[PDB]
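Asks: Protein chains in written order, with our numbering: chain A, 1 to 103; chain B, 104 to 153.
My questions will all concern the structure given below.
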Amino acid sequence: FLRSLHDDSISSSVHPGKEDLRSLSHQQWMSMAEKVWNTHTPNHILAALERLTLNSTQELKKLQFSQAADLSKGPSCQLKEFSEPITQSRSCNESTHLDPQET
Amino acid sequence: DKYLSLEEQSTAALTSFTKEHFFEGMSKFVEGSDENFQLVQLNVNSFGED
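Below, the structure is given as structure tokens:
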């Protein structure tokens with residue numbers, strides 16, 4: 001829901017019809033949120049939130065380590081041919097033909 | 104409390120990331136200065152040898 005509000009703010013195209021869908025989505029969240037607070041104990045809900053927060057920090061650290069390596073990664077490295085095709089995994093975005101990235 | 108402390112840690116981690124990747128040369132100087140964290144005006148100019 002928040003991301004949708006964020007995308008709309010960046011793409012200036014204030015499409016005038018997207019407000020009614022927003023409300024429904026908020027209400028749906030409230031109802032669901034309430035159900036969660038009625039179905040589970042507050043200590044459990046807080047513990048769950050702590051765990052979810054650990055995961056976010058872990059992912060941020062992993063990205064930094066990989067991203068920082070990319071900054072420290074400049075081309076002598078030879079194309080090692082490693083083999084195995086599993087599935088496809090072309091790219092995180094979905095595809096990666098581009099790397100002509102010749103310097 | 105415990106939760107808010109974890110979030111602080113997460114925020115700290117996010118801060119370290121933003122420094123390293125948006126503000127290119129700073130790793131060397133992080134060690135010494137304890138006190139007053141004033142937002143040193145990151146003069147962009149220096150890098151390019153060129």
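Note that CB positions come from ideal geometry on N, CA and C, so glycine has one too.
Assign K18 of chain A to one of three DSSP states: helix, strand, or coil.
Replies: Locating residue 18 of chain A in the first sequence gives position 18, where the first residue counts as 1. Residue state, collapsed to three classes: coil.
Asks: Is there at least one Cβ from chain B nearer than 8 Å to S56 of chain A's Cβ?
Replies: Here residue 56 of chain A is taken as the residue at index 56 of the first sequence, counted from 1. At a cut-off of 8 Å between beta-carbon atoms, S56 of chain A makes contact with chain B.
Asks: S113 of chain B CB to nearest chain A CB: under 8 Å?
Replies: For the purposes of this step, residue 113 of chain B is taken as residue 10 along the second sequence, with counting starting at 1. Closer than 8 Å to some Cβ of chain A, the Cβ of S113 of chain B qualifies, so yes.
Asks: Of all the residues that make up the region 128-149 of chain B, which are near chain A by a beta-carbon distance shorter than 8 Å?
Replies: Per Cβ criterion, the list is empty.
Asks: Beta-carbon of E152 of chain B versus every beta-carbon of chain E: anything under 8 Å?
Replies: The chain inventory of the structure shown lacks chain E, comprising the protein chains A and B.
Asks: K61 of chain A versus chain B: which residues are under 7 Å apart at the beta carbon?
Replies: Position 61 of the first sequence, counting from 1, holds the residue named residue 61 of chain A. Simply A116.
Asks: Does the distance from the CB of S113 of chain B to the CB of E123 of chain B come in under 8 Å?
Replies: Numbered from its first residue, the second sequence carries residue 113 of chain B at position 10. Numbered from its first residue, the second sequence carries residue 123 of chain B at position 20. Cβ distance not < 8 Å, so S113 of chain B and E123 of chain B don't count as in contact.
Asks: According to a CB-to-CB cut-off of less than 9 Å, which residues of the region 63-79 of chain A neighbour chain B?
Replies: Result list: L63, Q64, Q67, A68, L71.
Asks: Show which residues of chain B have a CB atom less than 9 Å away from the CB atom of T53 of chain A.
Replies: As a first step, residue 53 of chain A must be located in the first sequence, where it is residue number 53. Within chain B, the residues near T53 of chain A are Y106, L109, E110, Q112, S113.
Asks: Cα-Cα, which of A:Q78, A:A68, A:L63, A:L71 is closest to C92 of chain A?
Replies: The count along the first sequence starts at 1 and reaches residue 92 of chain A at position 92. Checked all of A:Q78, A:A68, A:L63, A:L71; the closest Cα to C92 of chain A is A:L63.
Asks: Assuming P42 of chain A is part of the alpha helix (DSSP H), what are its boundary residues?
Replies: For the purposes of this step, residue 42 of chain A is identified with residue 42 of the first sequence, where counting begins at 1. Counting along the chain, the alpha helix (DSSP H) containing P42 of chain A begins and ends at 42-71.
Asks: I'd like to know whether the C-beta of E50 of chain A is nearer than 8 Å to at least one C-beta of chain B.
Replies: The sequence position of residue 50 of chain A within the first sequence is 50, counting from 1. Closer than 8 Å to some Cβ of chain B, the Cβ of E50 of chain A qualifies, so yes.
Asks: Chain B partners of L46 of chain A, CB-CB under 9 Å?
Replies: One-based indexing of the first sequence puts residue 46 of chain A at position 46. Neighbours of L46 of chain A on chain B, chain order: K105, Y106.
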